[PDB]
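Encoded as structure tokens, the following chain is the form solved without the DNA, with no partner shown.
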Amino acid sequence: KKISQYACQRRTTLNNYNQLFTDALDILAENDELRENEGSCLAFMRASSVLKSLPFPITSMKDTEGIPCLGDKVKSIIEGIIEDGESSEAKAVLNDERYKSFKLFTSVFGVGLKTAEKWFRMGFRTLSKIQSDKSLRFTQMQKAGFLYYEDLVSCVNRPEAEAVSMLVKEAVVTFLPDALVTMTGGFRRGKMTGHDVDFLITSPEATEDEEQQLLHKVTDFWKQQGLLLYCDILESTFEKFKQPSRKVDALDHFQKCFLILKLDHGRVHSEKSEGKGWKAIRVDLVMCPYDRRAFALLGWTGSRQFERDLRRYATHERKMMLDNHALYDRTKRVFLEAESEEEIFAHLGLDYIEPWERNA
């Protein structure tokens, strides 16, 4: 049939037949993001997203006809890939100093764009010069980022993700035996590796008081045992009767905590049977009211592009407003309920897309 411009109306599995085009596009998009060039960035991400969706590899400019999200700027890039087999534009970004530095400083936990720019403009070009400079000052988060840099740069496996899962369940079960813990993000979509492990937590019979304290308890608990290397808890900013905004910002979120846990090797059951029997792992935990679990899961399952298109689809095609906490129908003036992701898709009039099919 016809290919939708919306990723939420496309099935995108991990079988990418267009990695050559896709990698160059991701690099160009990333470059624009690091430069805060919104428009260009999103254009590159949309184009890369549609190609990942293809069931065949592009081998001529003709195979492009009919596909949306491919402007003249992008087709020029597709063109070069068809020929050389590589992109001179992507190549240029990979050798760009600002790009190299930002990506490097940014690979440090706690280092955002403002901090990266600062260091770049001071002349810094390597992590070593940064760490040894006896004049710079770092946030608590950045210190932790440097302290465990090595483990954090190392991808996280499914085996490690599952061991982390077990830890979370053992803790959470201790304060809410009826708590539901779901692994979200990349791993839920079937990925083999990730830079961190995310989880959604909810309790059927928890009180507004209980669900609000669980994370503090679980984290305290890990502190007592020395498993907590870094912890930051942000209180929920979601309001029960407030409808999702025009995406004004993402300051709307449930209670969550950015953590770094000490993962003992002995708890990891992989086909790899030492030195320092543990590994630091980035872990994000999210707690939400039982009745909003479907929306949170949908939101945290990603991918980012899938989440972006789900939202604009809802707004531009169905006059609905979507959030990690709700779905509002502006036409019928009512909030729509959902006990599962499928119901949410039904409400939007969208055929259900499985998690492993959301790698847009």
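The first residue of the sequence shown is number 1, and the count goes up from there. Definition used throughout: the rigid core is the maximal C-alpha set that superposes within 1.5 Å between two forms.
We do not show the form deposited with the DNA bound, though everything after this point is about it.
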Where does the DNA sit in the deposited complex: which of 263-271, 112-120, 125-133, 170-178, heavy atoms within 4.5 Å?
112-120
As a check of understanding, the residue in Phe221, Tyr290, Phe146, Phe258 with any heavy atom within 4.5 Å of the DNA in the deposited complex should be identified as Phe258
Pick from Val108, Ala90, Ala206, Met183: which has a non-hydrogen atom within 4.5 Å of the DNA in the deposited complex?
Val108
Does each of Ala250, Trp300 and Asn324 have at least one heavy atom within 4.5 Å of the DNA in the deposited complex?
yes
So in the deposited complex, does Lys332 come within 4.5 Å of the DNA, heavy atom to heavy atom?
no
How about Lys279: is it within 4.5 Å of the DNA in the deposited complex, going by heavy atoms?
no
Contact test in the deposited complex: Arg188 vs the DNA, heavy atoms, 4.5 Å
no
Using heavy atoms and a 4.5 Å limit, would one call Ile233 a contact residue for the DNA in the deposited complex?
no
Along 195-219, which positions have a non-hydrogen atom within 4.5 Å of the DNA in the deposited complex?
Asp196, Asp198
Candidates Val248, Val153, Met192, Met122; compared between the shown form and the other one on the rigid core, the one with a C-alpha shift of 2 angstroms or more is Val248
Since the CA distance of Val248 and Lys242 differs by 3 Å or more in the deposited complex, is it closer or farther than in the form displayed?
farther
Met141 and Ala250: do their C-alpha atoms lie closer or farther in the deposited complex than in the form you see, with a change of 3 Å or more?
farther
